[PDB]
Structures are given as C-alpha cells and as structure tokens.
Amino acid sequence: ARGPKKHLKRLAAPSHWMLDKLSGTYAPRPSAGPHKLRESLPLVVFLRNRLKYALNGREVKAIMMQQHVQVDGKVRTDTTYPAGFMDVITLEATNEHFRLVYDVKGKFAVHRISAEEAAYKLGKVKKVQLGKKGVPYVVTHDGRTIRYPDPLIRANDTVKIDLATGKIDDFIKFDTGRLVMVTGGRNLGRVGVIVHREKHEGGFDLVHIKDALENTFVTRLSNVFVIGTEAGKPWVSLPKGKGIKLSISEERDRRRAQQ
Amino acid sequence: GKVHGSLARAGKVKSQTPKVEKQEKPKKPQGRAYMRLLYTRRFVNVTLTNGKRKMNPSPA
Amino acid sequence: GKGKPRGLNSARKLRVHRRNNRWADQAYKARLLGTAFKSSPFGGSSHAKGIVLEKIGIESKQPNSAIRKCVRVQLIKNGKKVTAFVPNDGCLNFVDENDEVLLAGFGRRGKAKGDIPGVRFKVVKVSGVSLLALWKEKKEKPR
Amino acid sequence: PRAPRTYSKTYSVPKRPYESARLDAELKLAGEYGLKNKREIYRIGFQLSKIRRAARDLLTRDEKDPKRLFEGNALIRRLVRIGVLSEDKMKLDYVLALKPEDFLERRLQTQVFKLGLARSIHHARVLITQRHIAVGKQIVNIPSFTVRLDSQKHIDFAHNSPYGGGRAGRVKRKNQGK
Amino acid sequence: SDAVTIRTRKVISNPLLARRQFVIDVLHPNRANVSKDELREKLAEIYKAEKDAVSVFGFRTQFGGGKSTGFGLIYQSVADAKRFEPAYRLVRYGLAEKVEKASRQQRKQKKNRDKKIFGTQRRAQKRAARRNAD
RNA sequence: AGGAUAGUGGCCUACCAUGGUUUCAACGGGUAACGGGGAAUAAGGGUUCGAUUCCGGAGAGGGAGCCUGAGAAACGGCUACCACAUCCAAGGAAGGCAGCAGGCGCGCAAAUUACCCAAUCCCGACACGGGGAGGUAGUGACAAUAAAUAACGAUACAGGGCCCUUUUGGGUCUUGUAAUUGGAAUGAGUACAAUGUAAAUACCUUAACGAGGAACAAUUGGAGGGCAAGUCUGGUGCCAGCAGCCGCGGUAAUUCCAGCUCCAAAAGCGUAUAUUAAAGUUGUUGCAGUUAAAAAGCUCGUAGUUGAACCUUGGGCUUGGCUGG
Ligand SMILES: [Mg+2]
Ligand SMILES: [Mg+2]
Ligand SMILES: [Mg+2]
Ligand SMILES: [Mg+2]
Ligand SMILES: [Mg+2]
Ligand SMILES: [Mg+2]
Ligand SMILES: [Mg+2]
Ligand SMILES: [Mg+2]
Ligand SMILES: [Mg+2]
Ligand SMILES: [Mg+2]
Ligand SMILES: [Mg+2]
Ligand SMILES: [Mg+2]
Ligand SMILES: [Mg+2]
Ligand SMILES: [Mg+2]
Ligand SMILES: [Mg+2]
Ligand SMILES: [Mg+2]
Ligand SMILES: [Mg+2]
Ligand SMILES: [Mg+2]
Ligand SMILES: [Mg+2]
Ligand SMILES: [Mg+2]
Ligand SMILES: [Mg+2]
Ligand SMILES: [Mg+2]
Ligand SMILES: [Mg+2]
Ligand SMILES: [Mg+2]
Ligand SMILES: [Mg+2]
Ligand SMILES: [Mg+2]
Ligand SMILES: [Mg+2]
Ligand SMILES: [Mg+2]
Ligand SMILES: [Mg+2]
Ligand SMILES: [Mg+2]
Ligand SMILES: [Mg+2]
Ligand SMILES: [Mg+2]
Ligand SMILES: [Mg+2]
Ligand SMILES: [Mg+2]
Ligand SMILES: [Mg+2]
Ligand SMILES: [Mg+2]
Ligand SMILES: [Mg+2]
Ligand SMILES: [Mg+2]
Ligand SMILES: [Mg+2]
Ligand SMILES: [Mg+2]
Ligand SMILES: [Mg+2]
Ligand SMILES: [Mg+2]
Ligand SMILES: [Mg+2]
Ligand SMILES: [Mg+2]
Ligand SMILES: [Mg+2]
Ligand SMILES: [Mg+2]
Ligand SMILES: [Mg+2]
Ligand SMILES: [Mg+2]
Ligand SMILES: [Mg+2]
Ligand SMILES: [Mg+2]
Ligand SMILES: [Mg+2]
Ligand SMILES: [Mg+2]
Ligand SMILES: [Mg+2]
Ligand SMILES: [Mg+2]
Ligand SMILES: [Mg+2]
Ligand SMILES: [Mg+2]
Ligand SMILES: [Mg+2]
Ligand SMILES: [Mg+2]
Ligand SMILES: [Mg+2]
Ligand SMILES: [Mg+2]
Ligand SMILES: [Mg+2]
Ligand SMILES: [Mg+2]
Ligand SMILES: [Mg+2]
Ligand SMILES: [Mg+2]
C-alpha cells in the first residue's frame, strides 16, 4: 500500500487500552520502540486515561515536554512512546514509580512500586548468539541488547537488569517449577508455576501452568515469562490479585461480600 | 384486444355529485384521552341488546 | 429409500440436485436470470418517469363494462412505450399530452389487475405534482 | 469515520392486524392503565416475549449448570428488584408465568395513582408529564419509569411543586395578583 | 432561597501541571444556576487561593434544576495558571485578549497566493510591475 | 547453467525433456460480483443481502512508462499516447473533485460553494506551525428512543351501589350523560440571564410572558368477505368509477362519488418494487411421481453413491470424587 501506516482507527486500537467508541475517529498510534504495537501502552493513554492526570491530549504533551516522565531511568518526551511489560515509569514530581505488569483481567494494571524495586527490571531472553568479533549478546523482550552475559543464560530465561547500567544482576534458568506470568492469549495475566513443558519440533511448544488454586491451563511458550525461582517468590512485586483468575460466579460472590 | 373509447365522460359522477359542506362538529380528543373514551364505551356502559352488540348501529 | 441418496458422503449429489431443481421455481428463475433487469419495462425499478403520448381509454373485461381511462407513456430511461392507468374519478383531465408523469406498478408484480387488460402500471404524479393532491384539491397543477 | 452508535427497536406489532379477541384485550388493558396508544402495550409484550426466550434456553440446560445458575439468578434478581416478581417465586418457572399486568403495576403512572396522590390513573400521567412528581430528590416526568422496590417509598410531590410545598403556579398568580 | 453549597469530589493534586483538579457539585435551590464568575469568587474564599488561579468549565444542570456539576482547576500561582491553560479559558477569565486574525478562507487563500512566488515579495512585485508597462 | 531481482521461483534467456489440469466439473462464459467482520428474517434446519462507520484489496478519465525516495509504477508527482477539454496577441501554454463544498448530466433515488483546529489524532527542524483528517452548525419524517394534543371538580340529570325500608317514598355512594359551570396544572413558543461552545446554535436550568371552541383544532387508510367497523342519507344508473383476490355499479348500491356515523394504527399512516417468514409451493431435517405435474421402451454399464457377519467378553479385587438420606 505504498508505505507504512501512520494512523490508528479508534475501533482498531488494542482492546486492553479500554478506549471509548465515541470520543473520536482515531486512536493513538504507538511509535516504533522497545515493544510491539499490539503489546504496548502509549504514554498518552497512561497519563490521561489511566491516571487521569491530564484532561486531554494537549495536556499530556505539556507534562512530558517539561522533562517529568522517565521510562527505565531515561527522560522520554514521545507522547506515543510504546511502554510495555516490565517497563518502569518514574514521575519524580509526584514521587511515583510504576511498573507495567498485567493484571488477571488482561489489562495493564496501575501497579505502584517502591523506589527500591524501581531500580531494576526483568527481561525475557529471546535469543543468545554471537556478535561481531565473536562477542555473545542477549536480546530481551524490550529490545535491549546486553553484551557479555553469563554463559549459562539461554533463550526463554529471565535476566535481572540493573536498569541503570543495563547489566545483568542474575538470572533464572527456564525449568519446571519456576514462577511464571502469562503475557499472551486468553490466560493473560495469570500467575503460576510450570508443571510440564510439552515439546513439538517444528511447531509451538506448550507449557502447562498451575495456578495458586491448583487450576491448570495451557499456553504457548511465546506467552510464558519466568518471574521467579519458585512458587511464592516473584522477583518483582505483583499487582493486586496476584494473578489468580476467578470465575464470574466467584467474582460476584467476592463483590457481594466486599460491598 | 380492441382498445378505444370516447373520453368525454371522464369525471362524470364526481362532477355532478352535489357538494355538501362538513358540519363544524366538536374536535375529537387526541392521544391518551381517545383511548380513555373508547374503553368506557365498550366495557363500562355496555349498550348491548340481550346478546346483540353493534359498534355502528344504523338508525332502525 | 425415499428416492434420494442418503449416504453420509453424498452431499455433492444432494447439493447439485437441489441446485438443478430450483430452476423449476419461476420466482427463483427471475431472480437469477435477471428478467426484471433484462425484460421489465422499468428495468427492475419501482418507479419510472415518462412522457404522455396520448389519452386513449381501455375497455374493461367481461362481465364488467366500463372505460378504464389510461395514457400511453414513453419512458425516459429506456425509450420503451407502456400503458399506464389513471386512477380515480376524473383524473384523466389532469393529464395532458407531453406531460411528465411518474409511474409505479399496479401491485400485482408484473401481471394485469382486475378487468384492465394489458396494463401493469399506474400514474402516480403528473408535472411533479401528486395526482392524489390534484384530485383532493390540495394543490394545483403547475402549467 | 467515528464508530457507529448502537440502537434497537423496543416493540413489535402482531402478525394479524384485526382480531377482536386481541383488540378487546388490548383496549381493556389500555383503559385500566391509562395508556396513550397500542404501542405502549406492544412494548411490554415485546420485552416479555424475549424474557421468555431467555428463560427457555436456560431451562433446557441441566440444573447446576454454571450459565443457568449465574444468568438465571441475575434475571430473577432483576425482576424481583423492580417488584414484578414476588419474593417467594424465585424459581424461573414463575418467570414464564409472568403477565403484562405485572409490568404495568410498576410504572410510575400506576404507582402515583395507587399511592393516592391522584384521583385517577389519567390524572397520574398529566401529573407526571407536568413535572409535579419526584422520585427521591430527582424530578421524573416519564410515565413508564419503572419504580424499584427501594424507590417505591420515596414517591411524592416535587419539593418545588405547587402541590408539594412550592410556589403557586402560573394560573393562580394571574388571578390572585389582580 | 439562596444558600449556594459547593462540594468537591475526585480531587487530584497535580504538581506536574502545578495545580489541583476536582469535580464541582453546586447546590443552588431557588436559583437558576451559578455563573462561573460567581463560582470562582466562592471557590477562592473556600480554599484561600487567588481568584485568578481558579478555573471552572463544563457545567450542566440536572433535570429539575437546583444542582449543577462541572470541573475545576486551582493552580499554585497565577503565573502557573497562565502557562498551563488553554487560550480560550484565559480569554473567558479576562487574563488574555482574543487574538485577531482573518477568516480561515482568507488565511488559506493568502497561503496559496504566496505559493506562486519564488523569492522575496519585493522582487516579485517589482518584476510584475516592470512587465505591466501600462 | 546463467541473467535479472531485495530476495525464492519459467520471473526471463540458452539448451533439453513431454510434460501440467480435468466428470471429485478442468477450461470457457455470466455476474444488475470487491472479499470479510457483518445485515434482514428467523421453532429447528434454512433463505436473502453485505457499494457503505472496522480489516484486507484495487483505482484516481483510459492505458503504458518512469523520477525522487527506506517506501510509489504515486497521479492534489512527472513522461508519452487516446478521448474530452481551457487561455491565446495564432508564435505558444496549461489540464484531471471515485478529497471537502458546490455545478451540469443521469435518473425513482441522496444535504451548505458555512465555522474551527477547542476535542480525536496525524505530520514537520517543532511545547509554538499545518491539517475540508477530524470536530461544529445548516438541510435532513433514512432508520431508532422517550413522549404532549388535556386533568379535576361543582352542580344538574340518569341508571345501577347501597342503606331508611315491604315495594311505595326516601336517605345515600359508584359509574354515564350534560350549548352546563368553575377554579387549578403544564410545556410547545418566547424571553431576560446563566450554563453550554474555539465562538455560536440547540439542549438542560430559569425571572416576566405564554390554554376554553384550551382555532395551541391529528392524520393516514378503510367500514360486503378475507378483515375491525353501516343493508344509514343524498347523487349516478354496466356510465362514472371501485376492486391486491372473490367481486360492486342496469333507480332504497352494505363496495362508486359525497354527508353522517363507525373501525384500525397514530406523529405517523398509505402506495410501488425487492426480499424474508408464512413455503412441508425446493422438502437434509421435510415434498410429490397409477389417475392432479412427474419412472428413461428395455437390459448392460464407467465414474458417483452405498455395501452381510466375525478378533478382550466376562468375573474378581481394591479403589477416589461425589450425589438419597
Ligand atoms: Mg525496539
Ligand atoms: Mg526502554
Ligand atoms: Mg436453465
Ligand atoms: Mg406463468
Ligand atoms: Mg427465491
Ligand atoms: Mg444476477
Ligand atoms: Mg373472473
Ligand atoms: Mg406499438
Ligand atoms: Mg413528474
Ligand atoms: Mg372491536
Ligand atoms: Mg512565502
Ligand atoms: Mg513564498
Ligand atoms: Mg537459476
Ligand atoms: Mg531469483
Ligand atoms: Mg451476484
Ligand atoms: Mg462489479
Ligand atoms: Mg456480494
Ligand atoms: Mg460489508
Ligand atoms: Mg464490502
Ligand atoms: Mg456497484
Ligand atoms: Mg447502508
Ligand atoms: Mg476501506
Ligand atoms: Mg495506487
Ligand atoms: Mg471521474
Ligand atoms: Mg493521493
Ligand atoms: Mg499513475
Ligand atoms: Mg484529485
Ligand atoms: Mg502540475
Ligand atoms: Mg505575438
Ligand atoms: Mg482547475
Ligand atoms: Mg466533492
Ligand atoms: Mg431520499
Ligand atoms: Mg444542493
Ligand atoms: Mg487539533
Ligand atoms: Mg469535513
Ligand atoms: Mg455534536
Ligand atoms: Mg423521527
Ligand atoms: Mg395538535
Ligand atoms: Mg423557543
Ligand atoms: Mg429560545
Ligand atoms: Mg457564551
Ligand atoms: Mg377519513
Ligand atoms: Mg375489507
Ligand atoms: Mg367485520
Ligand atoms: Mg340513491
Ligand atoms: Mg384475496
Ligand atoms: Mg335512487
Ligand atoms: Mg343509494
Ligand atoms: Mg352492514
Ligand atoms: Mg370495499
Ligand atoms: Mg361511503
Ligand atoms: Mg387505536
Ligand atoms: Mg422457517
Ligand atoms: Mg410453485
Ligand atoms: Mg406442494
Ligand atoms: Mg424437524
Ligand atoms: Mg408434491
Ligand atoms: Mg402431490
Ligand atoms: Mg409439491
Ligand atoms: Mg390426463
Ligand atoms: Mg415403464
Ligand atoms: Mg442413459
Ligand atoms: Mg459403477
Ligand atoms: Mg460391517
């Protein structure tokens, strides 16, 4: 079609943004960046629709042009910057640090974290291979390239990013029993431990995950993110709900008792 | 079929119908009021004759 | 066995046989043959404008005896000539030669109605003014 | 362009236009509840016709089915909430037994007349249409406003109405002011 | 009679834009409504802020009257307010003058007329004048 | 094997084989055919539609060829031809609304040559500029929601309802009648004003104004049957006309033209066309084939469809989860 698209129709925006139909014709098209278009959250949506700090798109540009917003320890002024999973957003004027972790309902939760936890991040290793001059490197889920990794680190592992120097503090090998959050599919946002990895050469490997309520679900390996060395030991603070999916009847019962 | 005929008698009856003006009668109620009028006329003051019920009885 | 195949793998025979046999439905034939598009004077439209050629009058069918007062109209869209009935007592006097009339069907969907022979259309408007409005003296003919 | 805005019809007409049994039943039913036209009866029948369809689908499911338990109880709870269904008939078999007069009982027009605030049901509609009746602290001028059970006790004259402690209306001010 | 009552809800402190923002509920029985100018005076007294640091907009009266709901902003200073405000609200409050420009048709026609000239206008019109020896 | 391409590849070339598809419908033709998400109708099964708010594709009068660029065979870029067509001083020059508005034509068929970047977003060197993208208003009975056109008395008068009562004669409380009598209530409209908005309009609120024939007056179709509602009155007299169909009209027409009355739906009602249900009149569910339409004159027969029965059963042991109670 003669070139790249630059617009995003309101109806064609990702459903987890929870945009309303009638507010306009278009939706914020996320810029190119560390995260995929479908799996990102533009900063305009976060500052106006989620936090409701800004009343409109004019105000979010005013906020970011004064250098307030930092993503992963660097000031960002791109209003449609594609923030994604495990990204850290810092607003030192409000003294707030957020991490983008999925809640069990499939959306990006407003998850406040402490300043101490905001000093690092986790990244899923996509590939390990040799660069020029024979230097090995690791590519994380947010497009980061880290040179000289621990030689034991392989793909599908999770590394702990120092997030100020970009180096690896330590890692978690992908194996049975590791704590996992699902980052894709209809089980998105659920948290459990690996029960069984089912291999399919030439196809898609499937991972069996057990919930804290001993509920079992299956999801693709591409949707598996290792977040802990064992059950109950996540390397980052989990959002409210701890990634346990409740049935609608259970949710209705819980809502009745709370109110 | 054979098709032809004199056109001179077009509008014969309507032209020679004697014009009669409408008597300036009271307006009928509109909306909810008209449904109220019909309901009583059919279920409150029944005008039936031992099983003979007529909506528009001609004078006889 | 009811004279039609019943096997679980005989869907092709059933599908083709039904497809072949719907051609016996004349309603189905007219939809796919496009007979309204090809053969109908209106070309499939609900209405059509035309020019009045002459006022003539059609004798009714037996056992009725009357003069159904129609006009000969040449359609603007395709130049075809059709006969259109002029409804109501005396509306033929509202229609003159070389007037522009809007036509519509008689409602029998391509067949003649009643005792009127060979007429499948009726006059709706003349000179852009409703014939019913003229009959009830709501409007006057622009002339 | 902008996303389309959804809309839907809220009634359905009968298949047979002329039927004395149905015509008499409708007029008898319209006269009892002071309705403006037959469409207000069609509207109740339409929404009751689709309530039954929903109930039939759940009743074909096995008992203790998760969908039947969740949506069946919710539908019953909603019907109990508006006072149409009695508190001792929450079985989804009495839902099928519901009748259009159950729904017309819960209209604002019916409750205003039945609370003694009006002389007749036709006085109720004009009182409602003329902004005299308020539910809670909100003026409601829709006769078909369905009164909830918890809103039932709060039907009274509007605080700024001539009949409810407000000032005198337009007509009285013209007479007593001369 | 009067007795205007003001309630604030959904209050958010927003140092990013150096302001506090909230939803405003106005109870005005026996009163058509409260003007924005009158709400700004009342809001300044309630929260001990400068009148020029208070902005209200988007008001609507409920059915039957006696109550309105809107949105309000209070800045830490008038200087902060003048920086983070739309132009049309400052014109509403008298803090700015409505900029005077030609109609959109005139601006567009002038833009397209200038598109036919390469170089300075002085050169273009002097050369055009030379051609018309008149 | 090479060439070319960003790259695979008969994509192209050289040489060489004779292959490739097809009754499981190739190939060809038609399409009043852009595909899909979806729409109408729907017991179930279905039938019909989808130019059109989102996604993908294609095009910018018809072809073809290109420049720039990461990206175009781009057309609000160029080059050439064809068809249209503009200015000219006659030497020459310049075009592309299937963008917005608007005009002509076509037609049964579709709105303003309006305001604005305030919102939604996009572009740029960019906190600032631009955006007929977009938003706002205008026209708008396409469809959809809610919903006025009156309510209540007072008497009169009638009946029922009761009670004083045997009836009688009354008291008296429920309806109906009242050119038979009142005082209340309100928004349609208008309007200070405030709100609304970029600025307005409108909505919502709200001073003052704003209802008795409350002329602030509901219409559209019908009244033989189907199909609800006239054997009323006048006119015509196989004429005029009605009538989807059956039928009506020749001097008291239940059907025409009218008046009265009544019926149905009502801010909507009718007509034309298409489509869906009704249609078990396309039938897989679920039709019919002696005589109503319909067993090839009779056998053979390829593809297609369809094809007898039979192979670890029973028993025993422990055994969890639950469901009567
Ligand atoms: Mg990247
Ligand atoms: Mg980053
Ligand atoms: Mg054929
Ligand atoms: Mg035939
Ligand atoms: Mg068909
Ligand atoms: Mg066709
Ligand atoms: Mg016959
Ligand atoms: Mg001829
Ligand atoms: Mg015409
Ligand atoms: Mg009846
Ligand atoms: Mg310039
Ligand atoms: Mg210039
Ligand atoms: Mg090769
Ligand atoms: Mg190649
Ligand atoms: Mg087709
Ligand atoms: Mg086509
Ligand atoms: Mg199609
Ligand atoms: Mg479509
Ligand atoms: Mg389409
Ligand atoms: Mg087309
Ligand atoms: Mg459409
Ligand atoms: Mg498209
Ligand atoms: Mg193109
Ligand atoms: Mg064109
Ligand atoms: Mg273009
Ligand atoms: Mg081109
Ligand atoms: Mg163009
Ligand atoms: Mg050019
Ligand atoms: Mg010269
Ligand atoms: Mg031009
Ligand atoms: Mg245009
Ligand atoms: Mg139209
Ligand atoms: Mg126009
Ligand atoms: Mg803008
Ligand atoms: Mg526009
Ligand atoms: Mg709007
Ligand atoms: Mg409408
Ligand atoms: Mg009116
Ligand atoms: Mg007005
Ligand atoms: Mg006004
Ligand atoms: Mg203003
Ligand atoms: Mg009439
Ligand atoms: Mg009939
Ligand atoms: Mg009848
Ligand atoms: Mg007579
Ligand atoms: Mg019939
Ligand atoms: Mg006579
Ligand atoms: Mg007669
Ligand atoms: Mg009769
Ligand atoms: Mg008739
Ligand atoms: Mg008559
Ligand atoms: Mg009615
Ligand atoms: Mg069916
Ligand atoms: Mg047939
Ligand atoms: Mg049959
Ligand atoms: Mg069946
Ligand atoms: Mg049959
Ligand atoms: Mg048969
Ligand atoms: Mg048959
Ligand atoms: Mg025979
Ligand atoms: Mg034989
Ligand atoms: Mg043969
Ligand atoms: Mg065979
Ligand atoms: Mg077998």
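Residues numbered from 1 in each chain as written, not as in the entry; some residues may be left out. Chains lettered and ligands numbered in written order. Part of a larger assembly, values for the part shown. Heavy atoms only, no water.

- Per the deposition metadata, X-ray crystallography was the technique used to determine this entry, at a resolution of 3.20 Å.

1. Observations concerning the sheet that holds strand β1 (residues 5-14) of chain E
Residues and elements named next belong to chain E.
Then, in step 1: A sheet is described by the order of its strands in space; here 4 strands give the open sequence β1-β2-β4-β3, paired in antiparallel fashion. Two strands in the sheet have a free side with no partner beyond their single neighbour: β1 and β3 (54-61). Shown here is a sheet whose adjacent strand axes are inclined to one another by a mean of 20°, direction ignored.
Then, in step 2: In the sheet, strand β2 (residues 19-27) pairs with strand β4 (residues 67-75) via 9 bridges, with the strands oriented antiparallel. What sits directly across from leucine 27, in β4, is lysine 67.
Then, in step 3: Contacting β1, β2, β3 and β4, helix α1 (residues 36-47) runs over the sheet at an angle of about 125° to β3. (Pairing = 2+ DSSP bridges. Helix = DSSP H or I, 4+ residues; strand = E, 2+ residues; numbered from the N terminus. Axes fitted to C-alpha atoms, helices over the stretch in contact; angles between N-to-C directions. Contact = heavy atoms within 4.5 Å.)

2. A few points about the pattern of salt bridges
Side chains that differ in sign of charge can pair as their charged atoms come close.
Then, in step 1: Scanning the model with the defined rule gives 37 salt bridges over all chains in all.
Then, in step 2: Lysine 55 of chain C is the partner of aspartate 96 of chain C in a salt bridge, and the nearest nitrogen-oxygen pair spans 3.9 Å. Within this pair, whereas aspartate 96 of chain C is found in the loop between β5 (81-85) and β6 (100-105), its partner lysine 55 of chain C is found in strand β1 (residues 47-55), the two being separated by 41 residues in sequence.
Then, in step 3: Judged by relative accessible area, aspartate 96 of chain C falls into the partly exposed class, the value being 35%.
Then, in step 4: Judged by relative accessible area, which is 28%, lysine 55 of chain C ranks as partly exposed.
Then, in step 5: Between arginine 9 of chain E and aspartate 25 of chain E there is a salt bridge whose closest N-O contact spans 2.6 Å. Separated by 16 residues along the polypeptide, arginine 9 of chain E in strand β1 and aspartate 25 of chain E in strand β2 bring together distant segments of the chain.
Then, in step 6: Judged by relative accessible area, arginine 9 of chain E falls into the partly exposed class, the value being 41%.
Then, in step 7: Through salt bridges with shared partners, a single ionic network connects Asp72, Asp87, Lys121, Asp142 and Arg144 of chain A. (Salt bridge = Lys/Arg side-chain N within 4 Å of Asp/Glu carboxyl O. Buried < 20%, exposed > 50% of the residue type's maximum accessible area, 1.4 Å probe, protein only.)

3. Focus: the side chain of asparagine 223 of chain A
Then, in step 1: On the secondary structure map, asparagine 223 of chain A appears in the loop between β17 (216-220) and β18 (224-228).
Then, in step 2: Not counting the four nearest positions on each side in its chain, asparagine 223 of chain A is found in contact with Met181, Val182, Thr183, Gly184 and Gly185 of chain A.

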